[PDB]
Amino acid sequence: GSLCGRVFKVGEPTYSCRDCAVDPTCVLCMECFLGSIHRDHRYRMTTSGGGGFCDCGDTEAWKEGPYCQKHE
């Protein structure tokens, strides 16, 4: 219920839950991933080359658990 929305900087890890992502571009930042249900799911970590943004709290990006503990 609050906004992460943050942009990724070069080198930062991004996390896409394989079980819950609507498509492979759906990603959580490290803080949101580790505070979400998806930390216990199958996931893809991809290092950012810069750009994009965290999808925490976008119900269109996730089949379940769209919000991490901080942003719910």
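One-based numbering along the sequence shown. Between two forms, the rigid core is the largest collection of C-alphas that superpose within 1.5 Å.
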item: Comparing 61-69 and 3-11 where Cα RMS over structures and residues is taken in 7 other deposited structures of this protein (core fit), larger one; value: 3-11
item: Relative C-alpha B-factor of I37, binned into the chain's lowest, middle or highest third; value: highest
item: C20, C-alpha B-factor rank within chain (lowest, middle or highest third); value: highest
item: Chain-relative CA temperature factor third for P13; value: lowest
